[PDB]
Structures are given as structure tokens and as C-alpha cells.
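Residue numbers (the entry's author numbering), protein chains in the order written: chain a, 42 to 113; chain T, 3 to 142; chain K, 16 to 204; chain R, 8 to 146; chain F, 3 to 59; chain V, 17 to 117; chain U, 4 to 142; chain Q, 15 to 129; chain f, 3 to 56. Note that CB positions come from ideal geometry on N, CA and C, so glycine has one too.
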Amino acid sequence: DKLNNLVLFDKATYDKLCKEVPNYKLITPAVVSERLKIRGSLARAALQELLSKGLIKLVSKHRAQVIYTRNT
Amino acid sequence: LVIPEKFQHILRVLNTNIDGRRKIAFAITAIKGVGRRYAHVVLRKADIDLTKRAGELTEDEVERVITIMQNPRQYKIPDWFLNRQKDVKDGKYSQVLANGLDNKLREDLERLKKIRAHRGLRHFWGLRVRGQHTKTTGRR
Amino acid sequence: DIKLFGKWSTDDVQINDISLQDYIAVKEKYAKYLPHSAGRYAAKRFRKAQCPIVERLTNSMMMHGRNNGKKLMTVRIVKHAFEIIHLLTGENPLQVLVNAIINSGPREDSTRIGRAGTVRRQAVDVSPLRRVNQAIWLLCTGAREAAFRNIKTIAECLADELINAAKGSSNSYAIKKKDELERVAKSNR
Amino acid sequence: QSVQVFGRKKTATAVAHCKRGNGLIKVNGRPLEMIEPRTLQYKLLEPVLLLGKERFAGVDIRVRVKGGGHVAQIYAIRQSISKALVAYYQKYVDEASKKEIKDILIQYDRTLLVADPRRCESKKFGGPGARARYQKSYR
Amino acid sequence: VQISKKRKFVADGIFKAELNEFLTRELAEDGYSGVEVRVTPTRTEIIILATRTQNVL
Amino acid sequence: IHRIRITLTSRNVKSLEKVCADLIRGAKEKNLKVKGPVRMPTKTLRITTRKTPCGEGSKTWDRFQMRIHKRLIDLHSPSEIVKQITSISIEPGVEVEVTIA
Amino acid sequence: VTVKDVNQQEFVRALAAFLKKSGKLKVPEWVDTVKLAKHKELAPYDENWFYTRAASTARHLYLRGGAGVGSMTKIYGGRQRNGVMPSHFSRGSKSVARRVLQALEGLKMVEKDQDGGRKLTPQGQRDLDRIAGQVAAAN
Amino acid sequence: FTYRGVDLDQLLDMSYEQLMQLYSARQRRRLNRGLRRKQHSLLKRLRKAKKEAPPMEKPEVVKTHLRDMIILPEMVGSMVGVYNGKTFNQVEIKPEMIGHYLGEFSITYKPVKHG
Amino acid sequence: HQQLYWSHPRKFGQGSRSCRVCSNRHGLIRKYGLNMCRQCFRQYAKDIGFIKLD
RNA sequence: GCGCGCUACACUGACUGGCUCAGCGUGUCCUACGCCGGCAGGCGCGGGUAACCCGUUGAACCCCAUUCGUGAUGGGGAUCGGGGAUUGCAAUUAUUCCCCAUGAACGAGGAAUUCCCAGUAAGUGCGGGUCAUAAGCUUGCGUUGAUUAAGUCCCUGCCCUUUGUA
Ligand SMILES: [Zn+2]
């Protein structure tokens, strides 16, 4: 079916990200975009911003797959 | 990243429905007579940040993009980019947009059909006009 | 000592079934730093038995037309996949791979005896090598196919597939196909 | 005081010049870690990890690579380094030490000392490749 | 100006071939067997092997 | 007497090796400084044409090879001696080109 | 510490940043508009591509000497995709390579060779080897 | 009427040189390479055929095998019989067709009707 | 007359070239300056010096 | 309406930038270097009848960053409008080549059917032949590099031996 994903964050999704993302077993642009109904670019930008704050660890960086994870 | 306060969901520019969701550089390719190359240079010449989404552009910015798209020559866009370089009638350099390109095409087709030039006759019959084999292929 | 990608140990890994104990290579004397060997393991018969199971996986990964000789990229797909595996489940990825191949292998197959057009099959046993072959083939086709036209990448799709396959989840393509093949053998007998 | 040997894979050739010194490791004037196909960096570190740095202590090797392709060059250079060391530990050390190196290198992978002889097979008329033939249409 | 070794060795080939074709069509009747050409910058010699030389002279 | 070089070029290997060896041993016995045979890359001329005149068959191809073997021998000897040593050595199926400086 | 001792990816970015900071590199009028080859579909994304290209050109000229406009056009060549026709190797733009070399000559980093090509100047070799120094220092 | 922002009345008086750049790249190259004898011979025939004609009635037909002649401001108004391989096709050269060839206005093959 | 007999230019093109043997202008081998038809070359290959090895 | 094929249907992917490796073999037409043009190309002056110069043949996939986000979309580039160059005496039924614009079918293909066992299949470029202009063709060369089999006469044919035949 047609997948109408959100280009920009809304308040109902943005507060949900800052609370819940921060603690998932595996961190990546794919699963975040799929679960929260986000666009690929915004979901990829969100993880970079969370790394700048310092809530999430970068496990390995690459072109194809960037893997993130919760700390402790 | 940040929540948009006044996200213009649909843009109404040059009698065209532009989707703000797509990034501005590729967003304006939806306009006929504008490709993925001419769009880029137009935005770069107006010194707008291409990173911005088409939905979050201010009134003055989109108005600048329209006025620089209409009259390219004034804003130092080179001669070799213009869609219409040497116009058969008046012989000037211009970039023709949606309605203009459709009007100019049907006019150019009419001009060729008027004089009974081979290309005109091949156009009027609904055949190929670049001299391909029309036997084996090009069905319907 | 020797560790896969210099960060995964090959001593803490354990084989379950004795049948495949000499047909899954990953052990002390087969411990390699990378999957990429460029050996002559398809030179004659029963030589690929001595191929590292990680190499067999990354070799069977570069399958479809556009990626036929693109090994250097399957090695990094498997590297990322192994990292994703470790992040999700916690324990050694090589154990998860072995568990996946142990579960995924069909034990009783069906062979064609009769004419073409009509279907008439005899249910027969499967050799330990053929069990390993089909297991790897099914895992890769499940990964590949699952991630073909959707956003999740091949790396996390292969990981997801091996997570499901290792703990015998019905969601795994490899488990569904094994189940069906054994059910068809059960239908014939 | 020095020895000079070649490692070969397909049409790739890597010549390693081994002399005495401070455990220097350079290929075409570049360190191993700075070689372009970084994905296979470990393949260059194979001979130095297997034997241990202590054996390389009193040896400077200078490798120069020509011909072949990227991975073929990687297999040429990693073969050349090991062949250079065993040649040096043959000529200016006891044979016992050379055997103590050789057995470990062979026991890991035979490719490190013995060259992979197979080459790109000749193409024949009637097809695109050496075996494959063009499509044969009946009616 | 001088031609390449490749073109030169080819040229000598055609010379041999054409000379043979001419000699065959001329001395067929006198059983022309074969020819041998030795080349020296002083002067190049052509040696005709035929059944009855008395006639070909 | 300065730097005469001798370029021996042939299609046969045996005749070329024989004649060049004779030139070398002929020069060596006279006590002349000689730089030995410099073997250049063998030039292989390839022609690949259809077997058939008409063009009806299974599309078979001939493969015609032509080999050119080139040897250089260099002498530091006088032109008078070089002329006679180059003169004596003649063979049908070798081309000799002598150059000075 | 030398250019060969450091990573060649980070080195270009460092040298590009230095060439930007100098603020005396004569950029053409058509940087905003023109492509970088016959076979590129779009203009380069980065606004400061001229500095990265200039940096790359200097690094190439450091690694081997006697490199003309033709050689530089051969360096920045790629795969021309011809739609339904199969893809062939296409060469870079000559003008961009010429203007880059002219612009670097402007800095007195590169000068013309008596043999015919262009070699890096001792001032250039200094600058390049210095940049390598701090790129190495940043680990 | 106008061609490339130039009305016909000053196309006529305009000389051979500055007419070159007004035309498209192909014709410009052709005029740069210069016309041979038969092209001039045709022009002479056409200007004579026009000169001898009445001022009201159209010039008498000039027949030709030259399909590869470029239309010039001189040739506007002329009656040209262009050879199609079999027969001659009569064309009145209008002002609007000042860029093309004669060959384009005389079709060689009959349009295909299927059965 | 004199200016229409062989008047058409033949500096280039398939008509300008011809086989050195049979004067045919089809399937012509013009590599290494052979300048000979493919049929004629196959006949004269042996005595030219071209040999069939592999 | 059929028969060889080439490009695709995308995220193991496109796009932009950076990094780093060939082999066969051809040049009286092969081309370095300098200048001008966005580009196709335009001028000027050199080397090579060739392990000598092009050339250390800085090739492409691939490798490492950037942007894109399942949307007939930044997949795909067919068809069409303008221009600007090179061959050639001559380019229209457009010879090739470049630039801007236009943005079709195509979401892996029914019955059916081809080719192939290791440096093989396949992906991927390069040279030769045609060649004034010139490769979606064939003929060669490297480059990255597999899955499955070490068997059978079931289908399609083949060889030998027995018989049977109008
Ligand atoms: Zn002939």
C-alpha cells in the first residue's frame, strides 16, 4: 500500500522520539523511520542530533548502514 | 529536525501545483521547462540554501525564485543553458515555462506543417521524425 | 589468538547435533580473521566442507545478476549483520549463525520418480552437506527477498532473518520453507 | 646483509626487499594500514600477527607492487612479505628457525608460501566467454 | 622515409606470393616446381626450380 | 670505429639464433668489445577471418599468427672490421641493419 | 612525517581547508554553473569544490611529476552512461584542470618543467609536507 | 513576417557574410565551405527566371536535381521543380522556409497505406 | 565528355579501395597494409608467411 | 508475426566528491605538452615507422565520504523542441558529437525455451576488425569472482552387440 511518511517532526512524534528512541536495543535510520512513520532523511538527521546531545552511542559508521545503540 | 510553524503544504507557482514535501532543488522540477540542472543553477544564483524543504520557503524567497526563473539573462545565467536560444521569429534568448513551452511546441509544429516540410508530414501522420526504422519496433 | 574481524572468538561457539559436527568448519583450526580466503574449495568433491561457514554465507550472499562478483561488499554486509546480531541478542553471532543453520536444514526431502506433467514423489533422507547447503541458500533468499523493495537494509534483514531462524521463529522464510518441504515429504512418505 | 623476493597472484607481482633494521614495514613507500582496500587490511596483517612482531624486530622490508588488480596485489604483497622473511631467516639464521616459521605459515594457509597457479582462461569464437556460447534458436 | 618491420615483413610476403602467381601462370608448361629469393643490398637473386630448364632459358 | 650496432630481425628463431651466435663468436675470437644479444618483445601479427567464402556455416574462424623475433648485438670496433664481419654472415630468412652512432 | 605516511582521504580535506583559509586562490566566474566532466549529470553539491579539486591536483602532482592538462583530464575521468547504449570511459573537463593549474601557479606552489609537464615547487613540497604533519598530529 | 528578428526587406539587401550567423549551425558550415558551380548555375537560372517574369504573375518553373541546396532570401517567391528520383515536384518558395533544403519539400516515397 | 567520365571523387570510401588480387571491394583486409579480400588472403596466407598455430 | 541482442524495473541502489590497480594489441595516423572555450572541439609547437613517443597504457566495476528515502521517486531515459561543433564535394528521411528542455512503457515477465563445471558462470571496462565520419555487432584481452555436481539414461540424441522387418 501507499506509505505517507512525515517529512518534518510533529510535537506528538518529536516528544515520543526524545523519550523512547534513546533506549532501543538497536539504533539505525531504517527501524526509527519504519516504527515512528518518519521520512528516511529526517530519521537519519534525528540520530545525528541525538549523538550531538550524547544520549546514544555510534557503534560503526558506513555509507550504507549507520548502527546506533542505547548506553548502559 | 525542528517542527515547522507555517509549512506551506501546496505551492501555487506558474499555474503549477508544487509539493513542498520534496526538497526545493528537485521540488521545482515538477514545472515543465525546468529540469534537475536548470533548477539547481537558478537556486544557486539566488544563493538560497538547497538543504531547505520547499514547504518552509518565505514569500520573498519563492517570489525571487519566480522572477529569476522568468528573466534569466538579467541574473548572469549563461547563453548555453536557455531552452530557446535563437527563436525562429524574433531571434532572442529566453527560458520557456509550462504554458509557454506547450504553446511554443504546437506553434513550431504548426509552422512546420504549414510549409509541408518532411518533419511536418511525419508529425501530422504520427510517425518517427528522427529517422529510426519503423518496422520491427515502435508499435501502437 | 585468531578472532573473526579480530573481535569475535571461535572457542565459546558450540555445535548441538553430531550429524553436522564435521560439516560446519568454524572451530579452532579453521579460525580466520576475514571471510575472504580466495581458496580452491570448489575444486573437487567434499572440499567445501572445509570452507569456513562465514565464507560459505558471504559467498552465497552475492547471488543475483547485479552482484555477482561483488564479494568485498558481502563481507561488509556480513560484518554489519554480525554487529547487528550481537547488539540485538547479546551473545556470539557465530553461535546464532550455527543455531540458524542447525534449525533451517531440512531432514527429509522428496525426489521425483515418474513422468513429467504428473506429480509423484518418494520421500528420502538428506545428507549433512545438502542440509548445510539448503540452510545457507534458504537464509540468504529469505534475507534478500525480504529486503528487496523496502527501506531496511540487507545487513539488518540478514540479522533479523538469522535471529528468527536461530530461535526457530515462524516469521523466518527458511523455517517456513523447511516446514513445507518436510510436510510434502510427510504427505508422500 | 639483505635478500629480495617476489610474491605473485594472477598478473599481480609484489617484490619485497628485506634488510636489517628497526622493524620497518613499507609498501610502495606507504604503511600497510594506509593501503586503499581497507576492508581486507587484516589480509596484509596476516603474516605479522601469525609470527608476531618480535620476529620482524631486526628486519626492514620494502615492498613494490606492479600489474594485476587490487585484491590480486593484496595477495601478491601478503605472499611476498612471508616469502621474504623465510628467505632472510634461511640465509642469515639457522635452518631450525626457518622451519619453525615455515610450518606455522603453511599450517595456517598454504597460499602464503606457494603461488596460486591458475590464470584467466583464453576466450573462443562462438560465445561471449571461454565456456559460455550464444543463444541457439530453433525456428 | 622507411616503413615499419611489421609492414616490411608483410610486403616481402606479398612480393613472394605475387612473384609465385606470375611464375606459375608463365612457366606452368615447363613444369615450374618452385622459387627461392635471396636479397642483398648489392643485388637480390631469384632462383627458379623447374623440370626442363633448357626450355625456360 | 664508434658504437656500431647490428639489428638482426627474422621470423624463424633457429636461423636467427645460429647467425647471431656466429657473429658473436666471430667477433669474440678477434678480441673485440661486444655487448650481447638484447632480445626485444616478440611481435605477434594476428588475423582472425571467417573460414567460409559464402557465409552459411556454424560461424567458424581461422586464427593466423605471424611471429617477428628481433635481436640487437653492439660492437666497439673499427668500421673496416665491422664491414667484413657483417659481409661474411648472410642467411636466407634473416634481415641485418647496421648503424654507427 | 610525510604525505605518504598519513591517510590520503583526510589529507585532501585538510589541504582544501588551508587553500580556503589562504583566501588568495583565483576562482573562475563559472564555478556556480559548470559541471566537472562530459559524463556528470549534475553540478557538484559542495559550494567549495574548486578548493578540494585544487588540493587533489596538488596532491596528485606531489605523488608524481610531469603532469599536464591531458593527464589531469585522464585522472578525473569516469563512466559515461549513454541511456540504452552501453557505458564507456569518458574524460574530465580540460578548462577546470587548466584553471586549477593556472590558479595553483598563482600561489607559486607548482611551476612548468623543462621536459614539458608541471612539477611541485619546494615551497609546495613544504606546504604539502606541513599539512601532512598536522593531519598526522590530529590522531 | 520576420526571421531571427530580421524582416525580409533587409534580408534581401543583407550580404552573403553576415547572413551566415543568422542561419543554424549546419547551413552556417555549408556557406562557410562555399557553394560549387551547379549551385551558382541554379541561382543564375532562378534570378533570370524571376527577372524575365511579369510583375503580377509568378515566375516560370525552374527544374532541378539539387535536393541539397539551402533556401536563400534571393530564392523567396521562385517556382522550383525539385527531382524526387522519379518525377519533378513543383514548389513555390515561401518566406517562412528560408532555413531548410529543397529535398524536404519534395517527398521521395509514397506514404504507406496498409492492406 | 572529359569532365564527366571519372569525375566523381574517390579519396575515401568503400569504392576507392579494392583487393590487390581479384579487384573485389567486399570483405577487404586492410590491416598491416595487406589490402586484399578475405577469400584471397585465406588462399595466399601460407606462402605470405602467416601460419595457423592456435 | 518471428530470431540474435543492449538498457532497465532500483536502497546489495542512484547522485556528488575523494582514493587506487590492468592485459592483449594498434599507430605515415597514434598522440604528449602550452593557449582559448561550459562542452563537443578550435589554434600553436614537439615525439614516434615504434620495449625508444603516446605510456609508469593514473580504465571501469570495486573501495571510502556526501545527498536521497519505497513515492513511476533524485529509479528508467524512450519519444519529442530548440540551439552549438566535427567529418565530407554533399548530412534533409535528422552520419556521429555536445548543451538546455521533454520524461513513455517497465514494479522481475504466461505457455514455452537457451547457455554453462573453476579463474568457469556472471558483473565490468579496454584493444582489434569494419573505420573520411563509426559499435547496441563480432573477434580478443585483462579485472572482481560465485552457487550446485563428481552422477544418470528419465527426456533429447550418440557408439557397439543381439535379435525383428512386408
Ligand atoms: Zn581478392
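With a threshold of 9 Å between beta carbons, residue 21 of chain K makes contact with chain R.
Cα atoms of residue 19 of chain f and residue 110 of chain Q: separation of roughly 44 Å, rounded to the nearest angstrom. Residue state for residue 75 of chain K is assigned as coil, using DSSP reduced to three classes.
Just measuring C-alpha positions, the residue of K/137, K/92, K/180 sitting nearest residue 157 of chain K is K/180.
Among the residues of chain Q, none has a CB under 8 Å from the CB of residue 46 of chain T; the nearest is roughly 29 Å distant. Here residue 98 of chain V is buried: its Cβ has 16 or more other Cβ atoms, across all protein chains shown, within 10 Å.
The region 104–111 of chain R makes no contact with the region 28–44 of chain R; the number of CB pairs closer than 8 Å stays below 3.
The region 79–146 of chain K is shown to contain whole beta strand (DSSP E) runs of 3 or more residues at 123–127, 136–140, in chain order. Of all residues, those with a beta-carbon under 7 Å from at least one heavy atom of ligand 1 are f/21, f/23, f/24, f/26, f/38, f/39, f/41, f/42, reported in chain order. The three-state reading of DSSP puts residue 33 of chain K in coil, since its state is none of H, G, I, E or B.
For residue 56 of chain a, the number of other beta carbons within 10 angstroms of its own is below 16, and it is reported as exposed. For residue 50 of chain f, the residues of chain F that pass the 8 Å Cβ criterion are 12, 15, 16, 18, 19, in the order they occur in the chain. Cβ-Cβ distances below 6 Å link residue 116 of chain U to 69, 122 in the same chain, with the five nearest sequence neighbours on each side left out; the list follows chain order. By the Cβ criterion, the region 46–55 of chain V is not in contact with the region 64–77 of chain V, since fewer than three pairs of Cβ atoms, one from each stretch, lie closer than 8 Å. The residue from U/111, U/103, U/21 with its alpha-carbon nearest to that of residue 33 of chain U is U/103. When 9 Å is used as the limit between beta carbons, residue 19 of chain Q is near these residues of chain T: 89, 91, 92, 93, 94, in chain order. With a threshold of 16 other beta carbon atoms within 10 Å, residue 83 of chain Q meets it and is buried.
At least one CB of chain T lies nearer than 9 Å to the CB of residue 83 of chain a. Residues of the region 16–49 of chain F with a C-beta less than 9 Å from any C-beta of chain V: 38, 39, 40, 41, 42, listed in chain order. Within the model, the alpha-carbon separation for residue 47 of chain T versus residue 49 of chain Q is close to 45 Å.
Every unbroken stretch of the alpha helix (DSSP H) spanning 4 or more residues and falling wholly within the region 10–55 of chain T is given here in chain order: 26–29, 40–47.
For residue 25 of chain R, the enclosing beta strand (DSSP E) begins and ends at 19–26.
The three-state reading of DSSP puts residue 101 of chain a in strand, counting E and B together. At the C-beta level, residue 203 of chain K and residue 138 of chain K come within 9 Å of one another. Assignment of residue 77 of chain V by DSSP, reduced to helix, strand and coil, places it in the strand class. Here residue 87 of chain K is not near residue 151 of chain K, since their CB atoms are 9 Å or more apart. Residues of chain T with a Cβ closer than 9 Å to the Cβ of residue 73 of chain a do not exist; the shortest Cβ-Cβ separation is about 13 Å. Of all residues in the region 51–72 of chain a, those with a C-beta nearer than 9 Å to a C-beta of chain K are 66, 67, 68, 69, 70, 71, 72, reading in chain order. Contacts with chain R at 9 Å (Cβ-Cβ) do not include residue 57 of chain K. The Cβ atoms of residue 88 of chain T and residue 61 of chain Q do not sit closer than 9 Å to each other.
In terms of Cβ geometry, residue 53 of chain Q and residue 26 of chain Q do not form a close pair [threshold 9 Å].
Interface flag for residue 9 of chain F against chain f is set, since a Cβ pair is found closer than 9 Å. Between the alpha carbons of residue 130 of chain T and residue 128 of chain Q lies a distance of about 17 Å. Cα atoms of residue 9 of chain U and residue 135 of chain U: separation of roughly 6 Å, rounded to the nearest angstrom.
Minimum Cα-Cα distance from residue 99 of chain K among the listed residues a/100, a/89, a/62 corresponds to a/100. When the five nearest sequence neighbours on each side are left out, the beta carbons in the same chain lying within less than 8 Å of the beta carbon of residue 178 of chain K are those of 100, 103, 104, 111, 184, in order along the chain.
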